[PDB]
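Asker: PDB, C-alpha atoms, saved as start.pdb, coming up:
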ATOM      1  CA  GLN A   1     101.241  72.052 103.391  1.00  0.00           C
ATOM      2  CA  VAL A   2      98.524  72.782 100.788  1.00  0.00           C
ATOM      3  CA  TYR A   3      96.735  76.183 100.815  1.00  0.00           C
ATOM      4  CA  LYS A   4      93.318  75.904 102.542  1.00  0.00           C
ATOM      5  CA  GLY A   5      91.164  78.969 101.705  1.00  0.00           C
ATOM      6  CA  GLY A   6      88.202  77.884 103.874  1.00  0.00           C
ATOM      7  CA  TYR A   7      89.138  76.892 107.455  1.00  0.00           C
ATOM      8  CA  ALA A   8      85.783  75.654 108.897  1.00  0.00           C
ATOM      9  CA  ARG A   9      83.891  78.494 107.125  1.00  0.00           C
ATOM     10  CA  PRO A  10      83.298  77.909 103.394  1.00  0.00           C
ATOM     11  CA  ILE A  11      84.567  80.866 101.278  1.00  0.00           C
ATOM     12  CA  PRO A  12      85.568  83.020 104.273  1.00  0.00           C
ATOM     13  CA  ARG A  13      85.852  86.332 102.348  1.00  0.00           C
ATOM     14  CA  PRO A  14      87.646  88.871 104.574  1.00  0.00           C
ATOM     15  CA  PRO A  15      85.987  92.255 105.198  1.00  0.00           C
ATOM     16  CA  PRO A  16      87.250  95.462 103.554  1.00  0.00           C
ATOM     17  CA  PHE A  17      89.130  98.287 105.352  1.00  0.00           C
ATOM     18  CA  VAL A  18      87.369  99.892 108.352  1.00  0.00           C
ATOM     19  CA  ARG A  19      87.700 103.459 109.732  1.00  0.00           C
ATOM     20  CA  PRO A  20      89.995 103.229 112.781  1.00  0.00           C
ATOM     21  CA  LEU A  21      89.606 105.397 115.916  1.00  0.00           C
ATOM     22  CA  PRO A  22      92.625 107.425 117.088  1.00  0.00           C
ATOM     23  CA  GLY A  23      92.700 108.219 120.843  1.00  0.00           C
ATOM     24  CA  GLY A  24      95.614 110.657 121.352  1.00  0.00           C
ATOM     25  CA  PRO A  25      97.168 111.929 124.602  1.00  0.00           C
ATOM     26  CA  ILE A  26      94.841 113.019 127.451  1.00  0.00           C
ATOM     27  CA  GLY A  27      94.570 116.688 128.527  1.00  0.00           C
ATOM     28  CA  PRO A  28      95.451 118.445 125.255  1.00  0.00           C
ATOM     29  CA  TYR A  29      94.787 121.989 126.594  1.00  0.00           C
ATOM     30  CA  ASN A  30      97.837 122.051 128.920  1.00  0.00           C
ATOM     31  CA  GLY A  31     100.193 124.611 127.311  1.00  0.00           C
ATOM     32  CA  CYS A  32      98.374 127.363 125.324  1.00  0.00           C
ATOM     33  CA  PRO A  33      96.301 129.980 127.193  1.00  0.00           C
ATOM     34  CA  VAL A  34      93.825 132.120 125.167  1.00  0.00           C
ATOM     35  CA  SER A  35      95.684 135.307 126.268  1.00  0.00           C
ATOM     36  CA  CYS A  36      98.817 134.030 124.400  1.00  0.00           C
ATOM     37  CA  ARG A  37     100.912 135.113 127.427  1.00  0.00           C
ATOM     38  CA  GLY A  38     103.778 133.082 128.969  1.00  0.00           C
ATOM     39  CA  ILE A  39     104.830 131.486 125.629  1.00  0.00           C
ATOM     40  CA  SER A  40     107.554 132.093 123.017  1.00  0.00           C
ATOM     41  CA  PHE A  41     106.724 133.586 119.591  1.00  0.00           C
ATOM     42  CA  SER A  42     107.257 130.216 117.838  1.00  0.00           C
ATOM     43  CA  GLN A  43     105.319 128.456 120.641  1.00  0.00           C
ATOM     44  CA  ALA A  44     102.257 130.687 120.076  1.00  0.00           C
ATOM     45  CA  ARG A  45     102.533 130.108 116.295  1.00  0.00           C
ATOM     46  CA  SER A  46     102.577 126.307 116.828  1.00  0.00           C
ATOM     47  CA  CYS A  47      99.335 126.349 118.898  1.00  0.00           C
ATOM     48  CA  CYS A  48      97.537 128.464 116.238  1.00  0.00           C
ATOM     49  CA  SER A  49      97.875 125.587 113.733  1.00  0.00           C
ATOM     50  CA  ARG A  50      97.511 122.873 116.428  1.00  0.00           C
ATOM     51  CA  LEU A  51      94.214 124.176 117.914  1.00  0.00           C
ATOM     52  CA  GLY A  52      93.429 127.522 116.186  1.00  0.00           C
ATOM     53  CA  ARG A  53      94.639 129.286 119.372  1.00  0.00           C
ATOM     54  CA  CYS A  54      96.945 132.357 119.530  1.00  0.00           C
ATOM     55  CA  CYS A  55      96.775 132.994 115.774  1.00  0.00           C
ATOM     56  CA  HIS A  56      97.035 136.826 116.005  1.00  0.00           C
ATOM     57  CA  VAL A  57     100.006 137.013 118.428  1.00  0.00           C
ATOM     58  CA  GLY A  58     101.837 140.360 118.029  1.00  0.00           C
ATOM     59  CA  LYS A  59     100.200 143.534 116.627  1.00  0.00           C
ATOM     60  CA  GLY A  60     101.207 147.190 116.018  1.00  0.00           C
ATOM     61  CA  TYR A  61     104.767 148.485 116.601  1.00  0.00           C
ATOM     62  CA  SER A  62     106.837 146.984 119.454  1.00  0.00           C
ATOM     63  CA  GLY A  63     110.195 147.696 121.155  1.00  0.00           C
TER      64      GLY A  63
END
How does this structure look as structure tokens?

Answerer:
Amino acid sequence: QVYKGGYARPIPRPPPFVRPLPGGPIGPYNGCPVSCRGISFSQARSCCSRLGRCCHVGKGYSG
């Protein structure tokens, strides 16, 4: 059929892009205690960049 750029509304100009709203999973603080205890070295490193938690894990000589 022919192209109709005005169904009912004359010159129906569409709106521009709009800022969406991400929800995310519920209960994000369920695997990263502030004490940084009970987690692997790589696990603690991951939470530091994920929520700024456990960023100074490990200090001084060990073993």

Asker: With distances taken over only C-alpha atoms, which of A:36, A:28, A:14, A:5 is nearest to residue 48 (chain A)?

Answerer: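 The shortest atom-to-atom distance to residue 48 (chain A) comes from A:36.
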
Asker: My list of candidates is A:23, A:6, A:15, A:54. Which is closest to residue 39 (chain A) when distances are computed with all atoms listed in the file?

Answerer: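 Nearest candidate to residue 39 (chain A) out of A:23, A:6, A:15, A:54: A:54.
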
Asker: Using only C-alpha atoms, which residue out of A:8, A:25, A:58, A:19 lies closest to residue 42 (chain A)?

Answerer: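 Nearest candidate to residue 42 (chain A) out of A:8, A:25, A:58, A:19: A:58.
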
Asker: Please, what distance in Å, to one decimal, runs between CA of residue 44 (chain A) and CA of residue 63 (chain A)?

Answerer: 18.8 Å

Asker: Can you work out the spacing between CA of residue 47 (chain A) and CA of residue 31 (chain A) in Å, to one decimal?

Answerer: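 About the pair CA of residue 47 (chain A) and CA of residue 31 (chain A): they are 8.6 Å apart.
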
Asker: Could you state the separation of CA of residue 51 (chain A) and CA of residue 33 (chain A) in Å, given to one decimal place?

Answerer: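 Rounded to one decimal, the two atoms are 11.1 Å apart.
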
Asker: Can you report as lines of an AutoDock Vina configuration file the centre and edge lengths in Å, to one decimal, of an axis-aligned box around the listed atoms of region 35-54 of chain A padded with 8 Å on each side?

Answerer:
center_x = 100.5
center_y = 129.1
center_z = 121.4
size_x = 30.1
size_y = 28.4
size_z = 31.2

Asker: With N, CA, C and O atoms as the goal, would you fill in the gaps in region 42-56 of chain A and present it as an mmCIF file, keeping the file's coordinate frame?

Answerer:
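Output file part.cif follows:
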data_model
loop_
_atom_site.group_PDB
_atom_site.id
_atom_site.type_symbol
_atom_site.label_atom_id
_atom_site.label_comp_id
_atom_site.auth_asym_id
_atom_site.auth_seq_id
_atom_site.Cartn_x
_atom_site.Cartn_y
_atom_site.Cartn_z
ATOM 1 N N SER A 42 107.451 131.479 118.617
ATOM 2 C CA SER A 42 107.257 130.216 117.838
ATOM 3 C C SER A 42 106.269 129.296 118.563
ATOM 4 O O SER A 42 105.501 128.587 117.941
ATOM 5 N N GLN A 43 106.271 129.315 119.875
ATOM 6 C CA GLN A 43 105.319 128.456 120.641
ATOM 7 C C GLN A 43 103.882 128.889 120.337
ATOM 8 O O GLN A 43 103.020 128.072 120.065
ATOM 9 N N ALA A 44 103.631 130.175 120.371
ATOM 10 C CA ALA A 44 102.257 130.687 120.076
ATOM 11 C C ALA A 44 101.874 130.355 118.629
ATOM 12 O O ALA A 44 100.742 130.013 118.339
ATOM 13 N N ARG A 45 102.821 130.437 117.723
ATOM 14 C CA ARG A 45 102.533 130.108 116.295
ATOM 15 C C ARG A 45 102.163 128.624 116.168
ATOM 16 O O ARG A 45 101.262 128.256 115.437
ATOM 17 N N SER A 46 102.862 127.775 116.884
ATOM 18 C CA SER A 46 102.577 126.307 116.828
ATOM 19 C C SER A 46 101.149 126.006 117.307
ATOM 20 O O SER A 46 100.446 125.217 116.703
ATOM 21 N N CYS A 47 100.717 126.619 118.387
ATOM 22 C CA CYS A 47 99.335 126.349 118.898
ATOM 23 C C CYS A 47 98.272 126.873 117.925
ATOM 24 O O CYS A 47 97.197 126.311 117.822
ATOM 25 N N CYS A 48 98.553 127.935 117.206
ATOM 26 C CA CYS A 48 97.537 128.464 116.238
ATOM 27 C C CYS A 48 97.178 127.381 115.216
ATOM 28 O O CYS A 48 96.027 127.191 114.881
ATOM 29 N N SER A 49 98.157 126.666 114.727
ATOM 30 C CA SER A 49 97.875 125.587 113.733
ATOM 31 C C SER A 49 97.483 124.283 114.443
ATOM 32 O O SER A 49 96.848 123.424 113.863
ATOM 33 N N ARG A 50 97.859 124.127 115.689
ATOM 34 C CA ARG A 50 97.511 122.873 116.428
ATOM 35 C C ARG A 50 96.071 122.927 116.956
ATOM 36 O O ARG A 50 95.386 121.922 116.995
ATOM 37 N N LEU A 51 95.608 124.082 117.376
ATOM 38 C CA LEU A 51 94.214 124.176 117.914
ATOM 39 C C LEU A 51 93.544 125.510 117.549
ATOM 40 O O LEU A 51 92.567 125.900 118.163
ATOM 41 N N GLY A 52 94.051 126.215 116.566
ATOM 42 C CA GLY A 52 93.429 127.522 116.186
ATOM 43 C C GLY A 52 93.496 128.492 117.374
ATOM 44 O O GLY A 52 92.626 129.322 117.556
ATOM 45 N N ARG A 53 94.519 128.382 118.189
ATOM 46 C CA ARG A 53 94.639 129.286 119.372
ATOM 47 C C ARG A 53 95.899 130.149 119.268
ATOM 48 O O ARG A 53 96.951 129.680 118.883
ATOM 49 N N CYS A 54 95.781 131.412 119.602
ATOM 50 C CA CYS A 54 96.945 132.357 119.530
ATOM 51 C C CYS A 54 97.390 132.509 118.076
ATOM 52 O O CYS A 54 98.546 132.337 117.737
ATOM 53 N N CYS A 55 96.460 132.829 117.220
ATOM 54 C CA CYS A 55 96.775 132.994 115.774
ATOM 55 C C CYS A 55 97.121 134.456 115.443
ATOM 56 O O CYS A 55 97.756 134.733 114.443
ATOM 57 N N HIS A 56 96.719 135.392 116.274
ATOM 58 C CA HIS A 56 97.035 136.826 116.005
ATOM 59 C C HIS A 56 98.013 137.356 117.064
ATOM 60 O O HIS A 56 97.869 138.459 117.565
#
